[PDB]
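Chains A and B supply the protein sequences, listed in that same order.
Take 22 as the starting number for the first sequence in my numbering and just add one per residue.
Take 22 as the starting number for the second sequence in my numbering and just add one per residue.
Note that CB positions come from ideal geometry on N, CA and C, so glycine has one too.
Take a look at the structure set out below.
Protein chains: 2
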Amino acid sequence: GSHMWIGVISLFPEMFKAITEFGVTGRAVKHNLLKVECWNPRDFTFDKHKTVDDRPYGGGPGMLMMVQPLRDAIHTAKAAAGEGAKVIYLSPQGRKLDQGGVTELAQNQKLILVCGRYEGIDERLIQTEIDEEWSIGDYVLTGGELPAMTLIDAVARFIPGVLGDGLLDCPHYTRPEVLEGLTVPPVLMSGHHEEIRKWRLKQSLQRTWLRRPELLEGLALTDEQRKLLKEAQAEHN
Amino acid sequence: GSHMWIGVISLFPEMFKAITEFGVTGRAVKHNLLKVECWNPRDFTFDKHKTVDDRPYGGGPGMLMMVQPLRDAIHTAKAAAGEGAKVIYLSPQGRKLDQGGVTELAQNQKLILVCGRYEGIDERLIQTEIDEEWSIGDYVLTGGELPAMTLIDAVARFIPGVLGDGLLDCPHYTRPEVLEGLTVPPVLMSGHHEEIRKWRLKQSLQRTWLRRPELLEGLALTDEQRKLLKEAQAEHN
Ligand SMILES: NC(=O)c1ccc(N[C@@H]2C[C@H](CO)[C@@H](O)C2)nc1
Ligand SMILES: NC(=O)c1ccc(N[C@@H]2C[C@H](CO)[C@@H](O)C2)nc1
């Protein structure tokens, strides 16, 4: 229906089995709600040893991805995607991914994800081949595959059929009623669906306030939310 | 030497092949610098259908991880790790991972990573079994496996043997000298190792300032850095 096609450029395409063969995303793939298609720059080399790295100009500790195989893989992905495909490069220098950012990306019917390895890719390929640079967080990884899979999983949840407000989640409880002396909050046992809703929202507001206060600043709280938060803050003091 | 052992609790242990069988982390594992050991709550069930989910008290859209199999898997991981193992739960409600946070976690010789599925896990298990809750970013995923692998990859880079300052990376260039009309910056061709160092640092400062200005506020710049940044800002204006 609103299905999604995701092209991936990667030296290690088999890593993507982690999302394509397991769990909710695995189901999404099997049911054709999500299509993940991989191209490997190694398949685009022509030398005997299938070389996919190259030396950086200016010297330096490491290597970069070799331009020609990577550029050719990217072109092959663009042609198979047709028009409308947004090309994304995953790196710490990119725009920081958050949930709003995920929902923005979810609007695309087609994405191509370029996963760098070694010390990265040539700056000119970013200029000429990449539409947007994104980061999943301010940390450095050995390759862009985990960030690419992270982004795929997050956008997948917005595809209709895949699944069944600015605050941290409330605590959840399941059997048994008592666990190491710790009891389930009575309200959750009450059946009072409206007290339960309010308790959960209050918990979310309190947790957000204690753990991630800056998140509250980006929000225009409803009257009910303002009240429950104030309550929570009174009880805390 | 300073090798690292990481226990993982997960309903989909095969996802971890993505890091254990490929690239730098795959090499780390083969060379015994990194050991990743998985326990699956499904192996700890006793009912005919190996049930690993359970209904949340208070009602709600989804399911939680069933307490008994998950708790038993966790206990089995703790006993195999011995003393000193820090137990981490991956979730959006956790402390936000960044590079400083990665280096802190890298100090642990033993970690146990608990990967939630469905709508999460019982709050009491977090209280009684989890030492620290961490998030890899402010977005929601179908499971904690990708965040756990993300954390493993990031800390792996700090294990000696695995590989070969608050700013975004500089641009890098490799062959060819001209690509779609775009030339490599002459300084990188000069061989002048000191001009190259300065150009790279200046680029990093400029990129950080333009893309992620808030990152500069957490830094005490050196005199050289202050100068190069000011230069960059003058040229920009
Ligand atoms: N936070 C992220 O999204 C992220 C992306 C990539 C990454 N590392 C890869 C390897 C390659 C060389 O660093 C470069 O292209 C990017 N680390 C972190
Ligand atoms: N940003 C993160 O580290 C992160 C962690 C987990 C996650 N989802 C899993 C599934 C499960 C139910 O939501 C819960 O335990 C956590 N999403 C994001």
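Boundaries cannot be given for residue 197 of chain A, as no alpha helix (DSSP H) includes it and DSSP labels it neither H nor E. If you ignore the 5 residues before and after residue 59 of chain A, its C-beta comes within less than 7 Å of the C-beta of 29, 31, 34, 37, all in its own chain and listed in chain order. Neighbours of residue 185 of chain B across chain A, judged by C-beta separation under 8 Å: 82, 83. Cβ proximity to chain B below 9 Å picks out 32, 33, 35, 36, 37, 38, 39, 40, 42, 43, 44 from the segment 32-44 of chain A. With respect to chain B, the C-beta atom of residue 238 of chain A has no partner C-beta closer than 8 Å.
A direct Cα-to-Cα measurement between residue 130 of chain B and residue 106 of chain B gives close to 8 Å. Under the DSSP assignment, residue 252 of chain A falls in the alpha helix (DSSP H) whose first and last residues are 244-257. The beta carbon of residue 27 of chain B does not come within 8 Å of any beta carbon belonging to chain A, so the residue lies off that interface. Interface criterion not met: the Cβ of residue 128 of chain A is under 8 Å from no Cβ in chain B. In the structure shown, the three-state DSSP call for residue 114 of chain A is strand. If you check the CB distance, residue 182 of chain A and residue 70 of chain A do not come in under 8 Å.
In the three-state scheme derived from DSSP, where H, G and I count as helix and E and B as strand, residue 31 of chain B is classed as coil.
Inter-residue distance for residue 216 of chain B and residue 47 of chain B is about 37 Å (C-alpha atoms, whole angstroms). Rounded to whole angstroms, residue 200 of chain A and residue 91 of chain B show a C-alpha spacing of 13 Å. Judged by DSSP in its simplified three-state form, residue 156 of chain B adopts strand. The residue among B/118, B/237, B/196, B/67 with its C-alpha nearest the C-alpha of residue 86 of chain A is B/196. With a threshold of 8 Å between beta carbons, residue 160 of chain B makes contact with chain A.
Comparing C-alpha distances from residue 150 of chain A to each of B/185, B/248, B/203, B/112 shows the shortest one belongs to B/203.
For residue 180 of chain B, the three-state secondary structure derived from DSSP is coil. At a C-beta separation below 8 Å, residue 205 of chain B has these neighbours in chain A: 78.
DSSP lists B/199 as the beta-bridge partner residues of residue 204 of chain B. Chain A has no Cβ within less than 8 Å of the Cβ of residue 182 of chain B.
Ranked by how close their Cα comes to the Cα of residue 228 of chain A, the residues B/79, B/189, B/113, B/119 have B/113 in first place. Annotation: residue 190 of chain A to residue 220 of chain A spans about 12 Å, alpha carbon to alpha carbon. Using a Cβ-Cβ cut-off of 7 Å, residue 106 of chain B is close to nothing in chain A; its nearest Cβ partner there is about 19 Å away. By the Cβ neighbour-count rule, residue 75 of chain B is buried, with 16 or more other Cβ atoms within 10 Å of its own.
Counting the other Cβ atoms within 10 Å of the Cβ of residue 68 of chain A gives fewer than 16, which makes it exposed.
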